[PDB]
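S.K.: This is the structure, below, for whatever I ask next.
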Amino acid sequence: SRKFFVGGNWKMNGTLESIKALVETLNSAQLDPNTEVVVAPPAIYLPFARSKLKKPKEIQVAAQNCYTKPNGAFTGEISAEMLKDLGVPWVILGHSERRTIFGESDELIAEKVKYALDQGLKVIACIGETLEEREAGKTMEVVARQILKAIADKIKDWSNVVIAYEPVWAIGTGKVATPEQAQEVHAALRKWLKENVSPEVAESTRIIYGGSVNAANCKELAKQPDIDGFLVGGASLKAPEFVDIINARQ
Amino acid sequence: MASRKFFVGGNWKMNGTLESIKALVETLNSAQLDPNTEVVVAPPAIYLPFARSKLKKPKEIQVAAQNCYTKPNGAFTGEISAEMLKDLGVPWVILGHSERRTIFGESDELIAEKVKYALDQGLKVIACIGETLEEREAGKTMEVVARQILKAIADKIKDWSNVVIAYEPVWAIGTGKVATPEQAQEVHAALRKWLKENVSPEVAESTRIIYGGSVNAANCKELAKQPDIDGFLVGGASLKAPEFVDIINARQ
């Protein structure tokens with residue numbers, strides 16, 4: 001009875017005109033009411049995008065990142081307090097691009113997750129192995145360590161956590177995980193949760209898949225028993241395709 | 001020379017709420033501000049539209065981003081691009097701030113690419129340089145700031161018309177240890193000489209070099225008198241609207 005969850009990570013993309021058009025198509029579409037829908041604009045566009053949503057109770061917005069600390073002398077950063085002040089309900093943390101391009105560590109990500117949750121936010125926490133880790137057979141070693149470090153160390157209440165498994169080799173590459181590849185990891189992640197946290201947390205925590213999800217591969221992925229939805233990058237910028245992914249179980 | 005317009009920027013860093021930013025802008029809207037001062041304020045990116053919406057004299061006070069990325073739009077989760085700043089009508093961006101260099105590892109090379117791309121997108125750039133306490137006591141102040149300016153702008157940039165150089169010694173940022181008028185003027189004059197010899201006399205004479213690091217209402221008038229200090233980049237004191245008003249009026 002985990003609610004199906006589909007997130008749209010717009011990354012560093014959008015203009016006032018393209019975002020208006022995207023949100024308007026979302027507004028007018030038939031969306032599966034059993035899908036929890038979150039879209040993550042660039043921070044400078046978060047107030048505009050939310051203002052255009054015709055049904056703000058039905059599609060929520062997310063920041064793509066925030067810093068570890070309360071407000072202070074960190075030029076260029078956005079804080080979790082600010083998200084709370086603006087009533088932004090969600091935040092993506094530990095995305096592969098922050099890890100690989102901006103050097104964010106498991107330890108820094110752990111502190112962001114704890115502070116965001118303490119500010120009342122809901123967190124999409126991202127994990128995933130590289131191509132070389134995958135080829136060398138280290139996938140479960142890597143993703144088990146990432147979850148332990150990012151959430152299980154500091155977090156007691158998992159109610160407001162969603163886990164996003166996004167193998168780095170599937171992000172933006174055109175190379176999606178097969179349903180069997182993704183189900184294998186999700187099932188092993190849920191077993192890790194069951195044995196290392198609690199069966200209640202394993203039963204209720206959504207584990208969503210990301211990495212080249214699109215309208216033509218989402219239906220077979222969504223049939224997998226431990227895949228609870230998707231984190232969508234490129235296809236989230238194409239409104240009709242994002243609608244189909246929201247409707248992956250229909 | 002002396003045709004450089006006095007420039008005051010307020011860097012709010014990672015601070016602000018809807019309530020607190022409303023208040024601070026309303027005070028600036030109310031205040032009597034010296035019309036010879038170019039005024040720029042830099043809210044956190046997520047409050048940039050709100051802050052600009054509350055600015056009454058949108059011609060008299062302008063808004064800035066505190067950072068942007070090196071590249072055109074793409075797969076850089078958590079980043080803002082220069083073309084978004086252009087789309088939204090943000091005229092200014094701060095680049096190379098010490099906190100980005102020291103806390104977030106931003107390098108001379110990265111900052112130079114940011115500066116070029118921002119200028120290519122029609123933005124105006126506050127380009128920040130400054131030496132550490134250790135670098136100054138090792139006697140390397142001018143070696144550091146000259147290298148930082150050479151990589152960050154002098155390399156990839158040919159038009160300096162829309163560049164403001166901000167000298168903010170690291171040991172003065174947030175510490176309460178403002179540079180003396182003598183200390184600041186010495187670096188600014190040496191930077192302006194560097195520009196004269198390594199770029200052009202025209203660029204040296206026209207480029208504003210502003211001082212940053214613990215500027216406040218009480219120390220700004222003596223600094224603003226120095227010949228090669230063209231204004232201030234103000235951190236902590238920019239969240240205090242009355243004090244920021246006085247700094248804007250430091251030449252009155």
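Chain labels follow the order of the structure tokens: the first chain is A, the next B, and so on; residue numbering restarts at 1 in every chain, and ligands are counted from 1 in their shown order.
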Pull out every residue of chain A sitting within 8 Å of chain B, counting only C-alpha atoms, and send them as a PyMOL selection string.
M.R.: chain A and resi 9-16+42-47+63-65+71-79+82+85-86+95+97-98+102+172
S.K.: Those residues with N, CA and C atoms, as a tab-separated table (two decimals), in the first residue's frame please?
M.R.:
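Printed below is result_36.tsv as written:
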chain	number	residue	atom	x	y	z
A	9	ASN	N	12.58	15.74	-12.31
A	9	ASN	CA	13.76	16.55	-11.99
A	9	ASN	C	14.11	17.36	-13.23
A	10	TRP	N	13.77	18.66	-13.23
A	10	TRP	CA	14.00	19.47	-14.43
A	10	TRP	C	15.47	19.85	-14.60
A	11	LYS	N	16.29	19.67	-13.57
A	11	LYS	CA	17.72	19.96	-13.58
A	11	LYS	C	17.91	21.43	-13.95
A	12	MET	N	18.96	21.78	-14.68
A	12	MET	CA	19.22	23.18	-14.99
A	12	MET	C	18.64	23.51	-16.37
A	13	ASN	N	17.30	23.51	-16.42
A	13	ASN	CA	16.56	23.72	-17.66
A	13	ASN	C	15.28	24.50	-17.38
A	14	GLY	N	14.89	25.33	-18.34
A	14	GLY	CA	13.61	26.01	-18.28
A	14	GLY	C	13.73	27.50	-18.53
A	15	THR	N	12.67	28.08	-19.11
A	15	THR	CA	12.45	29.52	-19.19
A	15	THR	C	11.03	29.79	-18.71
A	16	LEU	N	10.72	31.06	-18.43
A	16	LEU	CA	9.35	31.40	-18.06
A	16	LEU	C	8.35	30.83	-19.07
A	42	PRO	N	14.37	24.57	-11.23
A	42	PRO	CA	15.46	25.39	-10.67
A	42	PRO	C	14.92	26.34	-9.61
A	43	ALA	N	15.72	26.57	-8.57
A	43	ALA	CA	15.24	27.33	-7.41
A	43	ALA	C	14.67	28.69	-7.81
A	44	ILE	N	15.35	29.39	-8.73
A	44	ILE	CA	14.92	30.72	-9.14
A	44	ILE	C	13.57	30.69	-9.85
A	45	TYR	N	13.11	29.52	-10.28
A	45	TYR	CA	11.82	29.37	-10.93
A	45	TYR	C	10.79	28.68	-10.06
A	46	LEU	N	11.14	28.30	-8.82
A	46	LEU	CA	10.21	27.57	-7.96
A	46	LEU	C	8.94	28.37	-7.68
A	47	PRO	N	9.00	29.65	-7.28
A	47	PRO	CA	7.74	30.38	-7.02
A	47	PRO	C	6.86	30.54	-8.25
A	63	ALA	N	12.54	21.53	-4.30
A	63	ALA	CA	13.87	22.05	-4.61
A	63	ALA	C	14.80	20.92	-5.05
A	64	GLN	N	15.79	21.26	-5.88
A	64	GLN	CA	16.75	20.27	-6.38
A	64	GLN	C	17.94	20.03	-5.45
A	65	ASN	N	18.03	20.75	-4.32
A	65	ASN	CA	19.18	20.72	-3.42
A	65	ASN	C	18.94	21.77	-2.35
A	71	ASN	N	20.55	29.24	8.29
A	71	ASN	CA	20.93	30.43	7.53
A	71	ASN	C	22.25	31.02	8.02
A	72	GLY	N	23.10	31.45	7.08
A	72	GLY	CA	24.37	32.04	7.45
A	72	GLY	C	25.20	32.43	6.24
A	73	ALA	N	26.53	32.45	6.42
A	73	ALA	CA	27.44	33.05	5.43
A	73	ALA	C	27.89	32.01	4.40
A	74	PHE	N	26.95	31.64	3.52
A	74	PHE	CA	27.18	30.61	2.51
A	74	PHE	C	26.66	31.13	1.17
A	75	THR	N	27.40	32.08	0.60
A	75	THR	CA	26.99	32.73	-0.64
A	75	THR	C	26.68	31.65	-1.67
A	76	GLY	N	25.54	31.82	-2.35
A	76	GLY	CA	25.13	30.91	-3.40
A	76	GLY	C	24.28	29.73	-2.99
A	77	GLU	N	24.05	29.52	-1.70
A	77	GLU	CA	23.29	28.38	-1.20
A	77	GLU	C	21.87	28.76	-0.83
A	78	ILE	N	21.00	27.75	-0.84
A	78	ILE	CA	19.62	27.84	-0.35
A	78	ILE	C	19.50	26.91	0.85
A	79	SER	N	18.83	27.38	1.90
A	79	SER	CA	18.70	26.57	3.09
A	79	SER	C	17.35	25.86	3.20
A	82	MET	N	14.68	28.16	4.49
A	82	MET	CA	14.05	28.96	3.43
A	82	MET	C	12.98	28.16	2.71
A	85	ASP	N	10.11	28.25	4.98
A	85	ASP	CA	9.48	29.58	4.96
A	85	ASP	C	8.60	29.76	3.74
A	86	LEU	N	9.04	29.25	2.59
A	86	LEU	CA	8.29	29.34	1.34
A	86	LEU	C	7.25	28.24	1.20
A	95	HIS	N	21.68	13.78	-5.29
A	95	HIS	CA	21.63	13.46	-6.71
A	95	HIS	C	23.03	13.19	-7.27
A	97	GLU	N	24.57	13.97	-9.91
A	97	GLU	CA	25.31	15.13	-10.44
A	97	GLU	C	25.96	15.97	-9.33
A	98	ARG	N	25.31	16.10	-8.17
A	98	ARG	CA	25.98	16.76	-7.05
A	98	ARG	C	27.19	15.95	-6.58
A	102	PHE	N	29.95	18.12	-8.30
A	102	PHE	CA	30.22	19.06	-7.23
A	102	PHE	C	30.83	18.43	-6.00
A	172	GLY	N	20.74	9.96	-18.17
A	172	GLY	CA	21.00	10.76	-19.36
A	172	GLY	C	21.71	10.03	-20.48
S.K.: When DSSP works through the backbone of this structure, what residues of region 54-224 of chain B end up as strand (DSSP E), shown as a PyMOL selection string?
M.R.: chain B and resi 61-65+92-95+124-129+163-167+209-212
S.K.: Export N, CA and C atoms of the chosen residues as a CSV table (one decimal), in the first residue's frame?
M.R.:
chain,number,residue,atom,x,y,z
B,61,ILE,N,17.7,50.7,-7.8
B,61,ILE,CA,18.3,49.5,-7.1
B,61,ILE,C,18.1,48.3,-7.9
B,62,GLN,N,19.2,47.6,-8.2
B,62,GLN,CA,19.1,46.4,-9.1
B,62,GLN,C,19.4,45.2,-8.3
B,63,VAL,N,19.0,44.0,-8.9
B,63,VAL,CA,19.2,42.7,-8.2
B,63,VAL,C,20.3,41.9,-8.9
B,64,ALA,N,20.9,41.0,-8.1
B,64,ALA,CA,22.0,40.2,-8.5
B,64,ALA,C,21.8,38.7,-8.0
B,65,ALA,N,22.2,37.8,-8.8
B,65,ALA,CA,22.4,36.4,-8.3
B,65,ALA,C,23.7,36.3,-7.5
B,92,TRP,N,22.7,41.4,-12.8
B,92,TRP,CA,24.0,41.2,-12.1
B,92,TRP,C,24.2,39.8,-11.5
B,93,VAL,N,25.4,39.4,-11.4
B,93,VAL,CA,25.8,38.1,-10.8
B,93,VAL,C,27.1,38.3,-10.0
B,94,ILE,N,27.2,37.8,-8.8
B,94,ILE,CA,28.4,37.7,-8.1
B,94,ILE,C,29.1,36.4,-8.4
B,95,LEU,N,30.4,36.5,-8.8
B,95,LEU,CA,31.2,35.3,-9.2
B,95,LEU,C,32.5,35.2,-8.4
B,124,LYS,N,26.0,41.6,-16.0
B,124,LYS,CA,27.1,42.3,-15.4
B,124,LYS,C,27.6,41.5,-14.2
B,125,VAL,N,28.9,41.5,-14.0
B,125,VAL,CA,29.6,40.6,-13.1
B,125,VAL,C,30.4,41.3,-12.0
B,126,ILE,N,30.1,41.0,-10.8
B,126,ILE,CA,30.9,41.4,-9.6
B,126,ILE,C,31.9,40.2,-9.4
B,127,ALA,N,33.2,40.4,-9.8
B,127,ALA,CA,34.2,39.3,-9.8
B,127,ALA,C,35.0,39.5,-8.5
B,128,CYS,N,35.0,38.5,-7.6
B,128,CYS,CA,35.6,38.6,-6.3
B,128,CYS,C,36.9,38.0,-6.2
B,129,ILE,N,37.9,38.7,-5.6
B,129,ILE,CA,39.2,38.2,-5.3
B,129,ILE,C,39.6,38.6,-3.9
B,163,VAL,N,32.3,44.6,-16.0
B,163,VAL,CA,33.0,43.9,-14.9
B,163,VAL,C,33.2,44.9,-13.7
B,164,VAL,N,32.9,44.5,-12.5
B,164,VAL,CA,33.2,45.2,-11.3
B,164,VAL,C,34.1,44.2,-10.5
B,165,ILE,N,35.3,44.6,-10.1
B,165,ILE,CA,36.2,43.8,-9.3
B,165,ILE,C,36.0,44.1,-7.8
B,166,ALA,N,35.7,43.0,-7.1
B,166,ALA,CA,35.5,43.2,-5.6
B,166,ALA,C,36.7,42.6,-4.9
B,167,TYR,N,37.5,43.4,-4.2
B,167,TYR,CA,38.6,42.9,-3.4
B,167,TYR,C,38.1,42.7,-1.9
B,209,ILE,N,36.8,49.2,-8.7
B,209,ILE,CA,37.4,48.2,-7.8
B,209,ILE,C,36.8,48.5,-6.4
B,210,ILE,N,36.0,47.6,-5.9
B,210,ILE,CA,35.2,47.8,-4.6
B,210,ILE,C,35.9,47.0,-3.5
B,211,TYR,N,35.7,47.5,-2.3
B,211,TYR,CA,36.3,46.8,-1.2
B,211,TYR,C,35.2,46.1,-0.4
B,212,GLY,N,35.5,44.9,0.1
B,212,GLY,CA,34.6,44.1,0.9
B,212,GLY,C,35.2,43.5,2.1
S.K.: Quick check, in Å to one decimal: how far apart do CA of residue 109 (chain B) and CA of residue 158 (chain B) lie?
M.R.: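 Here the two named atoms are 16.6 Å from each other.
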S.K.: When you look at region 136-150 of chain B with a cut-off of 8 Å (counting only C-alpha atoms), what residues show up, excluding the ones that are within fewer than 5 positions of it in the same chain? I need them as a PDB file with N, CA and C atoms, in the first residue's frame.
M.R.:
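Final output, around_19.pdb:
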ATOM      1  N   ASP B 108      40.072  28.919  -9.678  1.00  0.00           N
ATOM      2  CA  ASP B 108      40.339  30.009 -10.610  1.00  0.00           C
ATOM      3  C   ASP B 108      39.821  29.686 -12.006  1.00  0.00           C
ATOM      4  N   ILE B 129      37.870  38.684  -5.574  1.00  0.00           N
ATOM      5  CA  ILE B 129      39.219  38.187  -5.330  1.00  0.00           C
ATOM      6  C   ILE B 129      39.601  38.578  -3.906  1.00  0.00           C
ATOM      7  N   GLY B 130      40.626  37.917  -3.381  1.00  0.00           N
ATOM      8  CA  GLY B 130      41.072  38.197  -2.029  1.00  0.00           C
ATOM      9  C   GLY B 130      42.053  37.163  -1.510  1.00  0.00           C
ATOM     10  N   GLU B 131      43.027  37.596  -0.706  1.00  0.00           N
ATOM     11  CA  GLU B 131      44.047  36.717  -0.153  1.00  0.00           C
ATOM     12  C   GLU B 131      43.663  36.293   1.264  1.00  0.00           C
ATOM     13  N   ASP B 155      42.324  36.627 -18.807  1.00  0.00           N
ATOM     14  CA  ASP B 155      42.487  35.577 -19.812  1.00  0.00           C
ATOM     15  C   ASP B 155      41.369  35.586 -20.847  1.00  0.00           C
ATOM     16  N   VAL B 187      46.130  47.935  -1.782  1.00  0.00           N
ATOM     17  CA  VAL B 187      45.839  46.847  -2.717  1.00  0.00           C
ATOM     18  C   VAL B 187      45.097  47.371  -3.936  1.00  0.00           C
ATOM     19  N   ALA B 190      47.403  49.056  -6.283  1.00  0.00           N
ATOM     20  CA  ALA B 190      48.266  48.079  -6.941  1.00  0.00           C
ATOM     21  C   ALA B 190      47.496  47.236  -7.963  1.00  0.00           C
ATOM     22  N   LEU B 191      46.243  46.876  -7.661  1.00  0.00           N
ATOM     23  CA  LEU B 191      45.405  46.214  -8.661  1.00  0.00           C
ATOM     24  C   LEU B 191      45.175  47.103  -9.881  1.00  0.00           C
ATOM     25  N   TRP B 194      48.174  47.029 -11.959  1.00  0.00           N
ATOM     26  CA  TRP B 194      48.207  45.769 -12.701  1.00  0.00           C
ATOM     27  C   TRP B 194      47.358  45.862 -13.964  1.00  0.00           C
TER      28      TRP B 194
END
S.K.: Which residues are close to residue 116 (chain B), i.e. within 8 Å by only C-alpha atoms, leaving aside same-chain residues fewer than 6 positions away? Reply as a list in words.
M.R.: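 Returned residues: residues 153, 156 and 157 of chain B.
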S.K.: Can you list, as a PyMOL selection string, every protein, DNA or RNA residue that comes within 10 Å of region 155-165 of chain A when you count only C-alpha atoms, leaving out same-chain residues fewer than 5 positions away?
M.R.: chain A and resi 5+7+90+92-95+110+113-114+117-118+120-129+143+147-148+150+182+185-186+189+197+200-202+204-211+227-231
S.K.: Go through region 22-156 of chain A and collect every residue that DSSP, computed from the backbone, puts in helix (DSSP H, G or I); the answer should be as an NGL selection string.
M.R.: :A and (22-28 or 43-52 or 80-85 or 96-102 or 106-118 or 131-135 or 139-152)
S.K.: So that I can see what lies close to residue 62 (chain A), please list as an mmCIF file with C-alpha atoms, in the first residue's frame the residues with an atom at most 8 Å from it, counting only C-alpha atoms and leaving out residues fewer than 3 positions away in the same chain.
M.R.:
data_model
loop_
_atom_site.group_PDB
_atom_site.id
_atom_site.type_symbol
_atom_site.label_atom_id
_atom_site.label_comp_id
_atom_site.auth_asym_id
_atom_site.auth_seq_id
_atom_site.Cartn_x
_atom_site.Cartn_y
_atom_site.Cartn_z
ATOM 1 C CA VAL A 38 6.335 16.094 -7.573
ATOM 2 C CA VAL A 39 8.209 18.416 -9.965
ATOM 3 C CA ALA A 40 11.552 20.089 -9.125
ATOM 4 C CA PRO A 41 12.214 23.414 -10.953
ATOM 5 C CA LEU A 46 10.209 27.574 -7.964
ATOM 6 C CA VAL A 88 8.115 24.100 -0.432
ATOM 7 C CA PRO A 89 7.308 20.548 0.696
ATOM 8 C CA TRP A 90 10.024 18.453 -0.981
ATOM 9 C CA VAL A 91 13.768 18.451 -1.683
ATOM 10 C CA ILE A 92 16.033 16.171 -3.755
#
S.K.: As an mmCIF file with N, CA, C and O atoms, in the first residue's frame, please: the residues near residue 10 (chain B) (cut-off 7 Å, only C-alpha atoms, same-chain neighbours under 6 positions excluded).
M.R.:
data_model
loop_
_atom_site.group_PDB
_atom_site.id
_atom_site.type_symbol
_atom_site.label_atom_id
_atom_site.label_comp_id
_atom_site.auth_asym_id
_atom_site.auth_seq_id
_atom_site.Cartn_x
_atom_site.Cartn_y
_atom_site.Cartn_z
ATOM 1 N N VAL B 40 23.179 47.625 -5.854
ATOM 2 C CA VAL B 40 22.791 46.273 -6.263
ATOM 3 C C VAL B 40 22.623 45.411 -5.016
ATOM 4 O O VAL B 40 23.449 45.464 -4.097
ATOM 5 N N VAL B 41 21.549 44.628 -4.966
ATOM 6 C CA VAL B 41 21.347 43.713 -3.852
ATOM 7 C C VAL B 41 21.210 42.304 -4.412
ATOM 8 O O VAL B 41 20.621 42.102 -5.478
ATOM 9 N N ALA B 42 21.756 41.327 -3.682
ATOM 10 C CA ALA B 42 21.847 39.934 -4.138
ATOM 11 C C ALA B 42 21.091 39.006 -3.195
ATOM 12 O O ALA B 42 21.669 38.500 -2.219
ATOM 13 N N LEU B 233 31.310 45.960 -1.373
ATOM 14 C CA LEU B 233 30.483 44.758 -1.364
ATOM 15 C C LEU B 233 30.249 44.437 0.104
ATOM 16 O O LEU B 233 31.201 44.155 0.831
ATOM 17 N N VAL B 234 28.993 44.502 0.536
ATOM 18 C CA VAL B 234 28.632 44.507 1.952
ATOM 19 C C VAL B 234 27.884 43.226 2.280
ATOM 20 O O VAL B 234 26.869 42.914 1.640
ATOM 21 N N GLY B 235 28.364 42.505 3.292
ATOM 22 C CA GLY B 235 27.753 41.251 3.681
ATOM 23 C C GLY B 235 26.822 41.437 4.858
ATOM 24 O O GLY B 235 25.661 41.833 4.670
ATOM 25 N N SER B 238 24.559 44.376 5.095
ATOM 26 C CA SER B 238 23.479 44.599 4.136
ATOM 27 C C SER B 238 22.132 44.036 4.600
ATOM 28 O O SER B 238 21.095 44.383 4.015
#
S.K.: What gap, in Å, lies between CA of residue 91 (chain B) and CA of residue 119 (chain B)?
M.R.: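 A separation of 10.5 Å between them.
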